[PDB]
Amino acid sequence: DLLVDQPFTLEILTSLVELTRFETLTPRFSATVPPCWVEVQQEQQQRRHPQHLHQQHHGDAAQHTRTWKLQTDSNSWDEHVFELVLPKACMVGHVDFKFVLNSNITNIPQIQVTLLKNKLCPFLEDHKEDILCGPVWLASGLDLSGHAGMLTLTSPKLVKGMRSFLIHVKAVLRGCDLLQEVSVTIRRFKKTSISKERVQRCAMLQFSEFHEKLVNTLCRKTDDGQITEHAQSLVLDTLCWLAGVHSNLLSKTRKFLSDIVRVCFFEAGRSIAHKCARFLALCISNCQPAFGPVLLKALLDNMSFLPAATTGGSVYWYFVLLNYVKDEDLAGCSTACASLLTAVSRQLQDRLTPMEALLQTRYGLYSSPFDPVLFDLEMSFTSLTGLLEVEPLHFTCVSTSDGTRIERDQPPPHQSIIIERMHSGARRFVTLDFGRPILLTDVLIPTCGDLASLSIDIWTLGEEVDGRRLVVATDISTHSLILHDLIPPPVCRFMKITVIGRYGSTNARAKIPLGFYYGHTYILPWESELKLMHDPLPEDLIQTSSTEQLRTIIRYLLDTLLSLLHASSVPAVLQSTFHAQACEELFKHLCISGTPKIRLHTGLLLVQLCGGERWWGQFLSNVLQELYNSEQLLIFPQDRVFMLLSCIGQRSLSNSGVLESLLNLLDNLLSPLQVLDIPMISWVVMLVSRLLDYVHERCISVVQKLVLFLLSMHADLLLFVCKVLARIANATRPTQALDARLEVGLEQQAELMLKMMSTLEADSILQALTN
């Protein structure tokens, strides 16, 4: 009878996922609100990005959405109640309480929003038994903008029911007066052919055995491990729905985390990793023990398997979660990352071929053209990732507004919309036809200051038939529009890009780069299913890894360690490792042979760790000696390594041993004057000159030998010799655009939290690099 009790075949999994998909309530609910809340017509609210062409399929906001602006009355700061009557009895999935706060908000207000049924704070005490989604902090719903957001009011009680609601918004300008605008949408459960679908959903929610079986099938600990990737996708859809509804499932997740992390981030694709990241974000948001520490333990237990991960896009989400959750047990994360980095750097250095060194030096090319296995592809924690798993989508412009057109200024050619007259606040559009219904997964439209906003609508049959709004980017003028790994990837043949010119601008002609679109030209049978859609219309692992996978792992580990130092006892540890010998090994492995980013990040990590240690100057002088002596046959980018060394010394110049050791090295090199390695003298003199620019007996010796050098003398070296001599003499004292379809499900706050995690990690890395 119940789908919960049956074996988890693809049919049962498909039915269970169908029992969780949502629709927007087709006829708009009626509402009564306090007088201080005044309704605004949805056409006015959507004037910038009109939706009228979707009216034929009820896609416009006037059919499901109410919006009220607040008038700052005497008591507008205090309790408010929105009574909401639905057109008909229905299986309500959730209530989307969108909000916009005043731009001049100093601190995010402390407002609780709760959902109740019609016939703790006193109003909720009186209506305690009718509470349908407990008090949710308004701040929980914030978008990345800081003053905006959404609360997806939902609960098991809401699912266990079927005409009227109350939204109680109480502040614990003051309080609710900081809430400039509110809007409400209601979303029901899709119409399913499944018998007793209400009881089916109840069974999904109540039974712990169901959660245990879901975890087991996800972890492939059932049915001989022959659970398909699509089955895992369906299981994660069900798990995400359960986590969103509930906020015992957490107990099963905590007990099987290590396996869940392994299966989702190391053995599956980008989509599975992203869905598991959303599930784990929901679990994080959810009297039980904290989930963050357990997730950290699972991630660090699986860290050793990173060289055996299947896709780069999967590793991206692993490291996003790890970087967010490292705050717990900082020392343990540091130890794991350092151990794996040291293990991987040795192999990466061992994998450098002479042809690769020649490419790096003679041409500055750091790819491995002889190794066919790439691991990750990016476009630009601020970029699209895992683009190897998706296909670049070619498109042809089929219609344009006015005289605008597209022009071209395997991957599709870079194309841009040329618009002859942009005006200000003027709408222009371009319709791109992919030639066939394609499975759209990623979009990147670069920043364009020429336009105030951009919007993407998608359809297959016609704009009025099955038109969907894919995204609205209001900050496209200042930020790139990046839609990364659309979890319910849309199916689209036609994409309408609608751009609005910048407010206060008459730049006659505009050239807007259309950007890049990724996905699949072949839609799999289950990826086009009208069902399952919302709103339908150990050391051997390192040895066997590829060079590119090791490079990606090194990049992520270096970023993790840099952010670890920024977030700093983690420096107390990383002293037992990354001592003088370990520091030298890591430099030799990564800064000499590594990619420019790996080189830079390893160098800066080494400064921030050991830059203040006594042996640091000896380390730098030893590196200079070993790498630039005329007897060194090693092929490496001497110029790039020297720039790295100069940066390292400049940022470590507070260490008195740096310049002391470099001047002692210069002294030893000039000893023959009082065998002469002129190129090493040149390198050392240039480095010391830059370090002195950034700013007794031993100094007497070095300056004397410099004098003998210039007396016994190339002309170019003489200038720097004189500069360094003078400097040494004088130096001594005694001389953002989410996909619009996330609103329909329970995975919008999870996606916002994932984006917040990525943004915080990027900010931490940038701060660490720019110390």
Side-chain angles (χ1 to χ4, degrees), residues 14 17-18 21-24 26 46 49-61 63-64 187 190-193 230 233-234 237 271 389-401 406 412 415 417 429-445 454-473 481 483-499 514-537 737-745 747:
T14 294
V17 169
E18 290 162 351
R21 305 302 86 168
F22 298 109
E23 268 155 2
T24 320
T26 322
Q46 265 60 56
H49 306 293
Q51 309 256 23
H52 59 284
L53 289 149
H54 303 168
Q55 284 169 356
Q56 286 171 48
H57 42 268
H58 312 300
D60 84 340
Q63 291 260 307
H64 46 78
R187 305 206 144 90
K190 261 169 62 167
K191 205 275 163 53
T192 64
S193 61
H230 179 43
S233 191
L234 298 162
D237 291 335
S271 294
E389 303 190 56
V390 278
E391 322 181 11
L393 294 172
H394 299 207
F395 57 79
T396 280
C397 174
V398 287
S399 69
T400 29
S401 58
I406 83 161
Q415 275 175 353
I417 326 175
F429 78 59
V430 71
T431 304
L432 312 179
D433 168 69
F434 297 115
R436 83 225 294 195
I438 56 80
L439 202 283
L440 189 279
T441 325
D442 298 277
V443 179
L444 194 141
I445 308 188
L454 188 146
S455 94
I456 316 186
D457 290 296
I458 53 169
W459 69 83
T460 314
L461 312 172
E463 196 188 356
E464 55 299 351
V465 198
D466 56 292
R468 290 145 281 149
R469 176 135 293 160
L470 179 60
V471 57
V472 156
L481 178 281
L483 292 170
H484 181 207
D485 193 28
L486 302 176
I487 279 309
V491 172
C492 326
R493 176 169 170 173
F494 300 94
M495 179 173 281
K496 196 184 206 172
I497 298 290
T498 279
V499 291
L514 276 170
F516 317 88
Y517 308 92
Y518 302 90
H520 304 108
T521 54
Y522 179 90
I523 313 181
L524 275 158
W526 49 86
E527 298 185 300
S528 53
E529 178 170 338
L530 295 180
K531 268 139 167 190
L532 317 153
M533 288 176 23
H534 301 256
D535 214 333
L537 306 177
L738 271 192
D739 61 308
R741 307 170 307 103
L742 281 170
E743 214 182 86
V744 191
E747 301 309 294

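Along the sequence shown, the residues carry numbers beginning at 1.
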Set of ring-ring contact (aromatic ring centres under 6.0 Å, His included) partners for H394, sequence neighbours left out: none
Residue pairs involving residues 429-443 (criterion salt bridge (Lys or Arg N to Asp or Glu O under 4.0 Å); sequence neighbours excluded): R270-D442, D433-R493
Short side-chain to backbone donor-acceptor contact, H58 and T26, under 3.5 Å: no
Side-chain donor or acceptor of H64 paired with backbone N/O of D60 under 3.5 Å: yes
Evaluation steps, side chain to side chain contact (heavy atoms under 4.5 Å, CB included), between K496 and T498: CA-CA 6 Å; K496 196 184 206 172; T498 279; 4.3 Å; yes
Tell me, do [X] and [Y] make a side-chain contact under 4.5 Å, heavy atoms counted?
X    : Y    : value
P489 : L440 : no
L486 : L470 : yes
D457 : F429 : no
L432 : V398 : no
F494 : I458 : no
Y518 : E391 : no
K531 : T192 : no
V491 : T460 : yes

To the nearest 0.5 Å, how far apart are [atom1] in [X] and [atom2] in [Y]?
X    : Y    : atom1 : atom2 : result
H54  : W459 : NE2   : CH2   : 7.5 Å
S401 : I497 : OG    : CD1   : 12.0 Å
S271 : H230 : OG    : NE2   : 12.5 Å
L234 : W526 : CG    : CH2   : 9.5 Å

Nearest non-hydrogen partners of [X] and [Y], listed with the distance:
X    : Y    : value
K190 : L532 : NZ-N, 3.7 Å
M533 : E529 : SD-O, 3.0 Å
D466 : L537 : O-CD1, 3.4 Å
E389 : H520 : O-NE2, 3.3 Å
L483 : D739 : CD2-N, 3.7 Å
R469 : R741 : O-CG, 4.1 Å

Option from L439, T521, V443, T441 for which side chain to side chain contact (heavy atoms under 4.5 Å, CB included) with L393 holds: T521
Evaluation steps, side chain to side chain contact (heavy atoms under 4.5 Å, CB included), between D237 and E18: CA-CA 10 Å; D237 291 335; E18 290 162 351; over 6 Å; no
Salt-bridge present (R187, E23; N to O < 4.0 Å): no
Audit row: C397, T431, side chain to side chain contact (heavy atoms under 4.5 Å, CB included) steps and yes/no: CA-CA 6 Å; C397 174; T431 304; over 6 Å; no
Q55 versus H52, side-chain donor and acceptor atoms under 3.5 Å: no
Side chain to side chain contact (heavy atoms under 4.5 Å, CB included) between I406 and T396, intermediate numbers included: CA-CA 9 Å; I406 83 161; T396 280; over 6 Å; no
side-chain hydrogen bond (donor to acceptor under 3.5 Å, both in side chains) assessment of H49 paired with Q46: CA-CA 5 Å; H49 306 293; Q46 265 60 56; over 6 Å; no
Check: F395 ring centre within less than 6.0 Å of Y517 ring centre: yes
